[PDB]
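Provided below as structure tokens are two forms of one protein chain, presented individually as structure 1 and structure 2.
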Structure 1
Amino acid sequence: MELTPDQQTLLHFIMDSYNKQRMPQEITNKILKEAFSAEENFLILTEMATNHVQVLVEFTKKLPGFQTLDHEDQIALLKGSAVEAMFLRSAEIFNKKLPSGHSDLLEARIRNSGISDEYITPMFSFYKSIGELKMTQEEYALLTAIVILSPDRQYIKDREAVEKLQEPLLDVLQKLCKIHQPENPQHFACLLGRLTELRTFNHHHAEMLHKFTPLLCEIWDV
């Protein structure tokens, strides 16, 4: 079992643009240096979530065929996926990108930001659940692209055009599972499991909602 030249090209495009993004040093310094208060910790999450939306727009633009979509649907896709993309990237950073001791300081700030435990508890549970799957970078990059290119978001004029962009990504992701996990025929079903979990975070987030960044206010419709 192997990826066709077409699936390889499409995968290489997703991977390249996914690796382009990174956490700013200017943010990393705040995690280390800024005061440990509910106001200061909430301000750090605001900075991190804003940077993520900017990184999410750069990734989204480079998605094969995204630019061929109607300009209005491009906005509805960005708005519909922002929250889910944030939680998936948050899971990635938690299980990967941060040093052992720095992650503890970040967790300390996420748990002391004045956000209720009825939301903080399923959040860390979700990161832990993602961590258990031991997802490769290709899986993180494909899941993020599938999340963004969801044909079932509200206010999309041409859903069929979006279906045509997402279906090839689900085909690549399923084929990668068959190639790398042939002994785990439930691996693809587990990844789809995280996609449904991610969708509950839209409900948790709206209930979760100090005024936020313009980039956040607009992409969340608050």
Structure 2
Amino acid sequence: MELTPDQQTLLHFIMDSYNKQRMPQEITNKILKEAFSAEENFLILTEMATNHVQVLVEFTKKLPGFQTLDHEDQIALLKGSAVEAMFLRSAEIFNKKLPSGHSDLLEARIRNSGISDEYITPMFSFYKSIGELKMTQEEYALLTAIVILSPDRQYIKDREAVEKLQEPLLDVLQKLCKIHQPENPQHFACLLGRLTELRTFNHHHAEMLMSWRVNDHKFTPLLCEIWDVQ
């Protein structure tokens, strides 16, 4: 039932790496402060997403055993998970509790950010399904690690090596779900089910960016490697 001492340490190490990310309030502060034009919002997105990828690579390199994977398979895991990790982190930020009325304004700012109408409704559906799960910061960090270490990405040559890195994290996440929510014995499965919804965003992410309601879609060199754009 309990976490073993090694699992506590593992969880204990992953949270520290996860918290190197930009603080949620830094992000929601900028958005809530002024309304921006769709062009300024696009720039804010590419700047945010470039910083996010940089930190995600440092987080990924600290995952136990990742650095002993074949070098081509390491690239394939990062490329295959970067967009999913960005939306999971966006959902975490969106669901942070804020002073009265702030989340409504944040939703309106995002609705009016320049993103295409086609995409606003699924995005909020996913954010809202993520908020219903009442995840802790440890659960977000673990889920991000599990997303990154997915053996079923393309071009993974040695899935079996990746599986043995993913499984200890799945075991810890399952123990937390039983501890943190013993009345809901479907909670672990529901977290894992949300991952399949994340994968759909990865598959539409290019069109989501190019349909942004701006005249030019300029991406940074790092984002062009990670995203299927330009």
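Residue indices: 1-based, along structure 1. The term rigid core refers to the maximal set of C-alpha atoms that superpose within 1.5 Å between the two forms.
The one residue among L195, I27, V57, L45 whose Cα position changes by 2 Å or more between the two structures, with the core held fixed by superposition, is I27. Once both forms are overlaid on the rigid core, the distance between the two CA positions of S113 between the two structures is 2 angstroms or more. Once you line up the core between the two structures, the Cα of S103 ends up 2 Å or more from where it was. For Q8, the Cα shift between the two structures is 1.4 Å when the rigid core is held fixed in the overlay.
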